[PDB]
Amino acid sequence: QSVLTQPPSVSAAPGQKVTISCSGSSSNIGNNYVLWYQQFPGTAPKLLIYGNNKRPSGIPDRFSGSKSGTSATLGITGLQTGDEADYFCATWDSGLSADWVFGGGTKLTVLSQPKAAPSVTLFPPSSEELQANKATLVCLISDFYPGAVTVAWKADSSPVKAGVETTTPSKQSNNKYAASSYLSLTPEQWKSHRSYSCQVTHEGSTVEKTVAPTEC
Amino acid sequence: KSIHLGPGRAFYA
Amino acid sequence: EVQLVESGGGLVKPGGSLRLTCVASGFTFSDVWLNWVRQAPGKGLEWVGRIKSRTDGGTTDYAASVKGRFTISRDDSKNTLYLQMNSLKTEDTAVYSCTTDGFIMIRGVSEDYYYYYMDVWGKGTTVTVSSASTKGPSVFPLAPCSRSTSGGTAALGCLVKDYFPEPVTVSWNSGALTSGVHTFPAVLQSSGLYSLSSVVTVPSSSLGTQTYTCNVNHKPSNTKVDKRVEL
């Protein structure tokens, strides 16, 4: 659900380098010229790259862009803490309306502290709520760094997409991150499965909690 | 001579 | 002081209309092409349409997702761009921004190249297409399914469900309790309503020593709720 596909998150320490990929079709990246923008919170996007690989004046050679086929890549070397920002690719469409089109964005973390795995707490629906003819399972994710996770839900160990709503990650007052995921079901659905799991994946590692209706 | 690279732009000018 | 400033955003019922305006300053507005773009919460940027400059014919282009419903017009004499949105759908909900098409020109050995890009961006105006209206929260206790006893810590809390608009304020034991309290950002459901959770961590061994009551305050609906959480 973004015309051009980027990874949601990338990170490395100061001094290091990083690449951010952007995947499209023949009709955007394939035919046309790719642009890259840097955006800070609250601030207008700044042009970083145009014409696939050209830097505006003031953009240092640490930033570089390339394109091949239907993908484009942005490279950043000698990472500075000042580079921590969102990066997104843009090009246009070759169709009748020639839309500008965008990547979903990549948040780059410049590592200033050790990676922290998320603390995860999973709550069942309350007795009160079930009597209100509703059921929400509540999965609370905190204290992770860098600030990106992906959340998967299971019922009787099989994937559940329906009735799921997850927040974006948010900065805690201590510079780590928090997120929340809500699985909404009917009381009768609730009572129908043996277990339910909230599985949070952070930096290749997954932390999971489970509940079973039978305890409650 | 002017070349125009953007959406909706007349390449040539 | 080159700038674009949008206004006109607000809450609108599905099937409704709304007109946004964008005011330009600090540059020759009539010389440039302009775009409307929009971004839903947790989603990527999406182009809505453009209108070209008078010299380039002044015509409009629209995204397939809004063509027939949205109309873009400019008033060069008032440095103003408009977006008239009709038959609004819940899925049109977004922060809508205006942008210019700028360029970098490279003087070639014979011939000049023009690389265009969205240059000046406004800060945006929020459009909410929803049937939701002011509503105070339902509040439910959060306790573990498994008896959370012996050993380390226990988590307990309050689920603050289905309110509109933001914000809600949650305190614990009238503000006496602050240690181990974590209130999370709200999730927006497809109904248009928010829900959030607030949790408290305590030593498990300590569990029946005292009480825990969350004090939920919803100023927009003038609702307050105090709820004891028993584990």
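Proteins come first, then strands; the chains are lettered A, B, ... in the order of their sequence lines, and each starts at number 1. Atom set for the values below is all heavy atoms of this structure, side chains included, hydrogens, waters and symmetry mates excluded.
- Formation of a donor-acceptor pair under 3.5 Å by the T167(A) side chain with backbone atoms of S180(A) is found in this model.
- Using cut-offs of 30° and 60° on the angle between ring planes, the pair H193(A) and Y196(A) is perpendicular.
- Looking only at distances, a side-chain donor or acceptor of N173(C) sits under 3.5 Å from a matching main-chain atom of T211(C).
- Ring pair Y37(A)/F88(A) is parallel by interplanar angle, where below 30° counts as parallel and above 60° as perpendicular.
- Side chain to side chain, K154(A) and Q199(A) meet the donor-acceptor criterion of an N or O pair below 3.5 Å.
- Between the side chains of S195(C) and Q189(C), at least one donor N or O lies within less than 3.5 Å of an accepting N or O.
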Step by step, would you call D99(A) with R50(C) a salt bridge (charged side-chain N to carboxylate O under 4.0 Å, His left out)? CA-CA 9 Å; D99(A) 309 36; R50(C) 85 181 118 244; 6.0 Å; no
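- Although no hydrogens or angles enter the test, the distance criterion places no donor-acceptor pair under 3.5 Å between the side chain of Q38(A) and the main chain of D83(A).
- A donor and an acceptor atom, one from each side chain of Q172(A) and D143(A), are located under 3.5 Å apart.
- Around NZ of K161(C), the count of heavy atoms belonging to other residues, nucleotides or ligands within 6.0 Å exceeds 12.
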Working note: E128(A) + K227(C), criterion side chain to side chain contact (heavy atoms under 4.5 Å, CB included); need CA distance, chi angles, decisive distance, verdict. CA-CA 12 Å; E128(A) 282 206 348; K227(C) 172 81 66 177; 3.2 Å; yes
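- Using modelled atom types and a 3.5 Å distance limit, the side chains of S171(C) and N215(C) yield a donor-acceptor pair.
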